[PDB]
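Please read the structure below before turning to the comments.
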Amino acid sequence: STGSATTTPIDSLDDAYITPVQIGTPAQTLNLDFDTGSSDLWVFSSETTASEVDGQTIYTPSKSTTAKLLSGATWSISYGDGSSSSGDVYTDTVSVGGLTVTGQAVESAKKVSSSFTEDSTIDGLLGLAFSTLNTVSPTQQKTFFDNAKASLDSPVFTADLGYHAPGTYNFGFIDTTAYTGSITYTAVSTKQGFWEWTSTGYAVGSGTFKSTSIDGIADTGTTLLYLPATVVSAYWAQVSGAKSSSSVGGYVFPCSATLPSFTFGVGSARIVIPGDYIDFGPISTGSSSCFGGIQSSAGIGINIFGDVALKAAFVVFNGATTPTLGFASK
Ligand SMILES: NCc1ccc(C(F)(F)F)cc1
Ligand SMILES: NCc1ccc(C(F)(F)F)cc1
């Protein structure tokens, strides 16, 4: 079987992408943030503390004829940005763009952090990292992808994120019309539970390509590109008036500047991020200082190829027994 769903930016900056997902019988449609950096499928629900819900669509297990409470199971998750949520666990039928999984763990939020409450457009997350990171206790649960794998024509999913525009998540097949040239595949380490790989280097604008190994994760659930301090300093040094601001928490630049592109290596191939993708607009309404889309990973502990990088490519998540990541220009 296969599935295909359109994913849409939540705002004018592409801060995140939501994808409609059908849960329960009859279907309850929720817009979830597909996150290859985590492994929990959790939703705002009728069980979520009322004061912590602000416009989200909620899942109501009591109205689903296929929902079953998973007795004794709980979940609690903390994201690298300080966000967190927790609750209990149902199993239910979950469908993405025609692809159906029965008995998927649906984690019902009883408590959500403030960052989630304030994001009215995101009804929950759909984790797509490896199932070893799932937080359900005492019995770990599988991701939507792991549960679908056997039924898929090919054990793959692909992310085709748009720049200020809708894109596509496909499950089970590779759309050969969606990219140009060839797909370059590169090895993945699952030892930390992430889609972790090694980039072969970078270039700034029209500069010389620097061959150097950058280990990092492919994370659709992170907005920006987080890279080592040396690389990030080399990029922003090419932007007149750019500086790191401690009060803002990253590199900022004059909104009147033009940004150079950024190239990253995948094996022998190159993915080019246009400079406009790196502009995240004024730091506050009316400001002439703009926030940069390439930031240092020094405080984080791991390099993150977030949406800024991924939306410049067609990306294959190959969940074969030896997993790989594929990148193609588009
Ligand atoms: N998008 C999920 C996610 C968020 C943060 C991290 C970090 F910070 F631990 F690298 C990994 C994955
Ligand atoms: N990386 C997972 C993640 C995704 C979105 C959010 C937000 F936007 F809701 F804060 C936090 C954490």
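What are the semi-axes of the equivalent ellipsoid for the range 76-159, taken as the square roots of 5 times the Cα gyration tensor eigenvalues, largest first, in whole Å?
Gyration-tensor ellipsoid for the range 76-159: 24, 15, 13 Å.
Taking only DSSP H segments of four or more residues, each worth -39500 (n - 2.57), what value at 222 nm results for the chain once the sum is divided by all its residues, to the nearest 500 deg cm²/dmol?
For the chain, the value works out to -1500 deg cm²/dmol.
HN-Hα J couplings of the range 145-161 from phi, Karplus 6.51/-1.76/1.60, θ = phi - 60°, integer Hz, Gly and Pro as x?
Each residue of the range 145-161 in turn: 5, 4, 5, 7, 3, 4, 7, 6, 4, 9, x, 9, 9, 10, 10, 10, 7 Hz.
With just the Cα atoms defining each centre, how far is the range 15-32 from the range 118-137? Give it in Å.
Cα centroid of the range 15-32 versus Cα centroid of the range 118-137: 13 Å apart.
Quote the relative contact order of the range 216-330 in percent (integer), defining contacts as alpha-carbon pairs under 8 Å separated by 6+ residues. Each step should come with its number before you reach the end.
On the way: 212 pairs, mean separation 39.2, N = 115.
For the range 216-330, the relative contact order is 34 percent.
Using only the alpha-carbon atoms of the range 131-173, report the extent along each of the three principal axes, biggest first, to the nearest angstrom.
That gives 41, 26, 11 Å along the principal axes, largest extent first.
Charges only on Cβ, +1 for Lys and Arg, -1 for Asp and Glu: so what's the dipole of the chain about the Cα centre, in debye to the nearest 20?
640
Calculate the FRET efficiency for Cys255 and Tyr163 from the Cβ-Cβ distance with a Förster distance of 22 Å, rounded to the nearest 0.05.
0.75
Any chance you could check the Cα centroid distance between the range 69-108 and the range 278-294 for me, in angstrom?
Computed from Cα coordinates, the inter-centre distance equals 35 Å.
Name the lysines eligible as straight-distance cross-link partners of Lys311: C-alpha to C-alpha under 21 Å, and not fewer than 8 places from it in the same chain.
Qualifying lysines at Cα under 21 Å: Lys330.
Once phi is turned into θ = phi - 60°, what whole-Hz ³J(HN,Hα) does the Karplus curve with 6.51, -1.76 and 1.60 give for every residue of the range 16-30, x standing for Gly and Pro?
6, 10, 10, 9, x, 9, 8, 10, x, 10, x, 3, 10, 8, 10
Taking Rh as the Kirkwood radius computed over C-alpha pairs, what is the Stokes-Einstein D of the range 257-320 at 10 °C in a medium of viscosity 1.306 mPa s, expressed in µm² per second?
Values: Rh = 13.7 Å.
Translational D for this selection: 116 µm²/s.
Please report the equivalent ellipsoid semi-axes of the chain, computed as sqrt(5 x eigenvalue) of the Cα gyration tensor, largest first, in whole Å.
The equivalent ellipsoid of the chain has semi-axes of 33, 23, 17 Å.
In 5 Å bins starting at 0, how do the alpha-carbon pair distances of the range 5-174 split up by percent?
Result, from short to long distances: 2, 9, 18, 23, 22, 16, 7, 2, 0 percent.
Give me a comma-separated list of calculated 3J(HN,Hα) values for the range 127-142, in order, Karplus coefficients 6.51, -1.76, 1.60 applied at θ = phi - 60°, integers in Hz, x for any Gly or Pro.
After applying 6.51 cos²θ - 1.76 cosθ + 1.60, I find x, 10, 7, 7, 5, 5, 8, 5, 9, 5, 10, x, 10, 4, 10, 8 Hz.
For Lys311, what residues show an amide H to amide H distance below 5 Å, using hydrogens built from the backbone and excluding near sequence neighbours?
When sequence neighbours closer than 5 places are left aside, there are no close amide H contacts.
In debye to the nearest 20, how big a dipole does the range 5-174 give about its Cα centre with +1 on each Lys and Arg Cβ and -1 on each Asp and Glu Cβ?
The dipole of the range 5-174 has a size of about 680 debye.
When the chain is fully extended, how far beyond the present Cα-Cα distance does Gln192 get from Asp175, taking 0.36 nm per residue of separation? Intermediate values should be presented prior to the final figure.
Details: separation 17, 0.36 × 17 = 6.12 nm, distance 2.92 nm.
In short, 3.2 nm is gained.
Which of the chymotrypsin sites (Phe, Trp or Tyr not before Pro) found in the range 196-296 are loop residues per DSSP with 16 or fewer other Cβ atoms within 10 Å of their Cβ?
Within the range 196-296, the qualifying chymotrypsin sites (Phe, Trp or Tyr not before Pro) (loop, at most 16 other Cβ atoms within 10 Å) are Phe209.
Would you mind calculating the relative contact order of the range 5-174 from Cα pairs under 8 angstrom and at least 6 residues apart, reporting the percent as a whole number?
29
Let me know the volume per residue of the alpha-carbon convex hull for the range 144-282, in Å³.
Roughly 156 Å³ of hull volume per residue.
On average, how much area does the Cα convex hull of the range 47-106 cover when viewed from any direction, in nm²? Working shown, then result.
Details: hull surface 22.6 nm².
Approximately 5.7 nm², given one-decimal rounding.
Each reported figure results from applying straightforward, stated rules to the coordinates on display, with no laboratory input. Using ideal geometry, Cβ is built from the backbone for each residue, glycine included, and neighbour counts are taken over all protein chains shown.
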